[PDB]
Each structure stands twice: as structure tokens, then as C-alpha cells.
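*Asks:* Structure file work_15.cif, mmCIF, C-alpha atoms, is pasted below:
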data_coords
#
loop_
_atom_site.label_atom_id
_atom_site.label_comp_id
_atom_site.auth_asym_id
_atom_site.auth_seq_id
_atom_site.Cartn_x
_atom_site.Cartn_y
_atom_site.Cartn_z
CA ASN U 1 0.00 0.00 0.00
CA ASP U 2 1.23 3.51 -0.84
CA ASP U 3 -1.60 5.56 -2.36
CA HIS U 4 -4.72 3.39 -2.27
CA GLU U 5 -6.47 5.99 -0.10
CA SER U 6 -7.08 8.07 -3.22
CA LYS U 7 -8.76 5.08 -4.86
CA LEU U 8 -10.70 4.47 -1.65
CA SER U 9 -11.90 8.06 -1.89
CA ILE U 10 -13.16 7.34 -5.39
CA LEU U 11 -15.05 4.41 -3.89
CA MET U 12 -16.65 6.60 -1.23
CA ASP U 13 -18.02 8.92 -3.90
CA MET U 14 -18.52 5.99 -6.29
CA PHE U 15 -20.98 4.36 -3.89
CA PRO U 16 -23.08 6.77 -1.73
CA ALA U 17 -24.25 3.93 0.52
CA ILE U 18 -21.50 1.36 1.04
CA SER U 19 -19.88 1.67 4.46
CA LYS U 20 -16.25 2.81 4.49
CA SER U 21 -15.43 -0.41 6.34
CA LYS U 22 -16.60 -2.58 3.44
CA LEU U 23 -14.84 -0.40 0.87
CA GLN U 24 -11.54 -0.76 2.73
CA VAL U 25 -11.94 -4.53 3.16
CA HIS U 26 -12.70 -5.37 -0.48
CA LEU U 27 -10.13 -2.86 -1.72
CA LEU U 28 -7.35 -4.41 0.38
CA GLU U 29 -8.18 -7.99 -0.65
CA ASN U 30 -8.56 -7.17 -4.36
CA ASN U 31 -4.97 -5.85 -4.41
CA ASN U 32 -6.36 -2.29 -4.38
CA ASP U 33 -8.15 -2.95 -7.69
CA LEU U 34 -10.94 -0.56 -8.72
CA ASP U 35 -11.98 -1.95 -12.12
CA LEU U 36 -12.62 -5.50 -10.87
CA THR U 37 -13.92 -4.66 -7.39
CA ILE U 38 -16.21 -1.88 -8.61
CA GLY U 39 -17.24 -3.97 -11.60
CA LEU U 40 -18.74 -6.58 -9.30
CA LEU U 41 -20.18 -3.91 -6.99
CA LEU U 42 -22.08 -2.37 -9.93
CA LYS U 43 -24.17 -5.51 -10.51
CA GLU U 44 -24.71 -5.98 -6.76
CA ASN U 45 -27.01 -2.95 -6.78
CA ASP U 46 -29.35 -4.81 -9.14
CA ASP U 47 -32.47 -4.68 -6.95
CA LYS U 48 -33.33 -4.88 -3.25
CA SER U 49 -36.48 -6.97 -3.78
CA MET X 1 -28.43 21.70 -17.67
CA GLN X 2 -25.06 19.98 -17.35
CA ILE X 3 -23.68 16.92 -15.57
CA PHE X 4 -20.16 16.38 -14.23
CA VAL X 5 -18.13 13.39 -15.39
CA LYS X 6 -15.47 12.51 -12.82
CA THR X 7 -12.87 9.95 -13.89
CA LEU X 8 -11.54 7.15 -11.69
CA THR X 9 -8.12 8.80 -12.01
CA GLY X 10 -9.02 12.41 -11.25
CA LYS X 11 -10.73 14.51 -13.93
CA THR X 12 -14.27 15.89 -14.20
CA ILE X 13 -15.93 16.87 -17.47
CA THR X 14 -19.02 19.07 -17.77
CA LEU X 15 -21.52 17.89 -20.39
CA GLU X 16 -24.70 19.78 -21.27
CA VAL X 17 -27.73 17.49 -21.39
CA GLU X 18 -31.50 17.95 -21.49
CA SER X 19 -33.60 16.69 -18.58
CA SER X 20 -35.37 14.43 -21.08
CA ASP X 21 -32.20 13.50 -22.97
CA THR X 22 -30.50 10.09 -22.68
CA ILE X 23 -27.49 8.53 -20.97
CA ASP X 24 -26.27 7.17 -24.31
CA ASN X 25 -26.01 10.74 -25.59
CA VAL X 26 -23.79 11.59 -22.63
CA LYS X 27 -21.45 8.71 -23.46
CA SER X 28 -21.19 9.92 -27.06
CA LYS X 29 -20.24 13.47 -26.07
CA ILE X 30 -17.69 12.27 -23.52
CA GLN X 31 -16.22 10.07 -26.23
CA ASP X 32 -15.98 13.06 -28.56
CA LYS X 33 -14.00 15.11 -26.03
CA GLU X 34 -11.60 12.52 -24.58
CA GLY X 35 -11.76 10.03 -27.43
CA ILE X 36 -12.22 6.95 -25.27
CA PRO X 37 -14.27 3.93 -26.49
CA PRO X 38 -17.75 3.72 -24.87
CA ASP X 39 -17.31 0.01 -24.12
CA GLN X 40 -14.03 0.63 -22.30
CA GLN X 41 -15.26 3.58 -20.22
CA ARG X 42 -17.69 2.69 -17.43
CA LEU X 43 -20.28 5.38 -16.68
CA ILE X 44 -20.93 4.57 -13.02
CA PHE X 45 -23.53 6.46 -11.00
CA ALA X 46 -25.67 5.77 -7.93
CA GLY X 47 -23.43 2.78 -7.32
CA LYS X 48 -24.06 1.32 -10.78
CA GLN X 49 -23.27 2.01 -14.44
CA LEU X 50 -26.13 3.89 -16.10
CA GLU X 51 -27.88 1.98 -18.88
CA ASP X 52 -27.29 3.35 -22.38
CA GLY X 53 -30.31 4.98 -23.99
CA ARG X 54 -32.16 5.88 -20.78
CA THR X 55 -33.84 9.19 -19.92
CA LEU X 56 -32.63 11.06 -16.83
CA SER X 57 -36.20 10.93 -15.50
CA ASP X 58 -35.91 7.19 -14.77
CA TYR X 59 -32.73 7.51 -12.69
CA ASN X 60 -34.02 10.86 -11.41
CA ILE X 61 -30.62 12.40 -12.10
CA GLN X 62 -30.43 15.95 -10.77
CA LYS X 63 -28.30 18.80 -12.13
CA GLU X 64 -24.49 18.85 -12.12
CA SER X 65 -24.50 15.18 -11.14
CA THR X 66 -21.03 13.74 -10.53
CA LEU X 67 -20.96 10.65 -12.75
CA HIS X 68 -17.88 8.46 -12.35
CA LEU X 69 -16.03 6.99 -15.33
CA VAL X 70 -13.74 3.97 -14.99
CA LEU X 71 -11.56 2.82 -17.89
CA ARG X 72 -11.65 -0.90 -18.64
CA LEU X 73 -8.25 -0.91 -20.35
CA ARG X 74 -5.29 -1.64 -18.07
CA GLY X 75 -5.95 -1.14 -14.36
CA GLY X 76 -6.79 -4.34 -12.53
#
Just give me the structure of the file as C-alpha cells.
*Replies:*
Amino acid sequence: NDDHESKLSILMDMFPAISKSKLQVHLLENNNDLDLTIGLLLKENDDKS
Amino acid sequence: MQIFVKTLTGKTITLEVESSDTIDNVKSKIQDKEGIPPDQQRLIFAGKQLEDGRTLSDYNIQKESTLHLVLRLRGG
């Protein structure tokens, strides 16, 4: 890690609902990847019910 | 009316669009300015990429909305 915080910031604004905790967790595991992580997150918000 | 287009990297672009326009139109204009393929660029908003050819009314997009754009090429 060196400058993932900036990417994390993008995530905060990218998803006005996801808790910072979750953003940090997924980000860390996915080797600080935005394209892949976010890509999956996009579909997640398909529909509540 | 105009909506902001913030990039994953760090760059926002203002694009004029009618309330009853279409997301697809936005993608086209953005492509014209930067010159990035629509397929590559991901127009994310409200925690999800906006569907091409959809009126703002559906998503209820306000004015000067900060739409995020993530390039598919390279990155992860």
C-alpha cells in the first residue's frame, strides 16, 4: 500500500451507501483494484427486492 | 443543464444534457472530447453504471451530477 487511499476516496463517492469499512476490506483484498472490485459492486445494486 | 463526469483517475468533465435527454447521448459526447471507447469507459452512478439509452427521468438524475467513469483498459 502507498496511495490506495485516493482510490478508496473514489469508492466513497462511487458508492453513496457502502460503508467505508466494506470499501476498505474489499479494496485491500482485491490488491487495491478498482476496475474489478467496482465492476462486481455495480451488478450488486441490481435490486433490493 | 449539465452533468459532471469525474474519472476514476481524477478529472471531471461538464456535459450539457436535457432533462429528457438520454445517458447514451452523454457517453457519445464524452467520447468526442476525450476520445475513449464507450465500451471501455464505465459510466458509473448511484453505485451502478447507467444503462445506455435511458432518460434522466428514470434515474431521477439531478443537475451537475457527478458521474464516475472507470476505464476498462489496463488497471486491474
*Asks:* For residue 36 of chain U, which residue out of X:32, X:42, X:68, X:58 is the nearest one, using all atoms listed in the file?
*Replies:*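 Between X:32, X:42, X:68, X:58, the residue approaching residue 36 of chain U most closely is X:42.
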*Asks:* Write out as number ranges by chain each polymer residue whose atoms come within 9 Å of residue 3 of chain X, counting only C-alpha atoms; drop sequence neighbours fewer than 6 positions from it.
*Replies:* X: 13-17, 26, 61-67
*Asks:* To one decimal in Å, tell me the separation between atom CA of residue 24 of chain X and atom CA of residue 48 of chain X.
*Replies:*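 Result for atom CA of residue 24 of chain X versus atom CA of residue 48 of chain X: 14.9 Å, one decimal.
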*Asks:* Hey, what comes out of the PyMOL selection byres ((chain U and resi 10) around 12) on this file? Could you write it as a count of residues only?
*Replies:* 35
*Asks:* My list of candidates is U:30, U:42, U:1, U:47. Which is closest to residue 46 of chain X when distances are computed with only C-alpha atoms?
*Replies:*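 Nearest to residue 46 of chain X: U:42.
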*Asks:* Could you please determine the separation between atom CA of residue 21 of chain X and atom CA of residue 5 of chain X in Å, to one decimal place?
*Replies:* 16.0 Å
